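Structure, as structure tokens:
Protein chains in written order, with the authors' numbering: chain Y, 1 to 57; chain W, 75 to 143.
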């Protein structure tokens, strides 16, 4: 049938949070408390659009 | 004999006419029922031959543990 559309490799380029699992776990509660608004916006976009290409930004 | 026991010819005439009308109506209804049954079996859009499908009231609509669904 159709042709599946994928974003280009430049659109997937971002600098990463290069920390291990225990570094994330130690500050997990404060990360949830302080950075809640963009995380919840991303999660709402994710559960609504059902498409990661619409939630890349 | 014709006064006591026998029936009038007019009575038999009109009785036969009533019987013929009823039986012709029945035969036409039987043929129409056959045609209706054939059409409903072929197309499946009528009230008969409605084989069941999955009821859609069983589908869960709440958000799941994974967004991609």
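For every residue, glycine included, the Cβ atom is placed at its ideal position computed from N, Cα and C.
Delimiting residues of the alpha helix (DSSP H) encompassing residue 65/Y
Residue 65/Y is absent from the model: chain Y starts at 1 and stops at 57.
Would you say residue 126/W faces chain Y, with C-beta separation under 9 Å as the test?
no
Extent of the continuous alpha helix (DSSP H) run through residue 59/Y
In the structure displayed, chain Y extends from 1 to 57; residue 59/Y sits before or after that span and is not available.
Under 9 Å, Cβ to Cβ, is there at least one residue of chain W near residue 52/Y?
Taking 9 Å as the threshold, the shortest C-beta distance from residue 52/Y to chain W falls below it.
Leaving out the 5 sequence neighbours to the left and right, which residues in its chain are closer than 6 Å to residue 45/Y when beta-carbon positions are compared?
Hits under 6 Å: 55.
Residue 113/W in three-state terms, based on DSSP:
The answer is helix: DSSP assigns residue 113/W an H, G or I state.
Just how far apart, CA to CA, sit residue 123/W and residue 107/W?
14 Å
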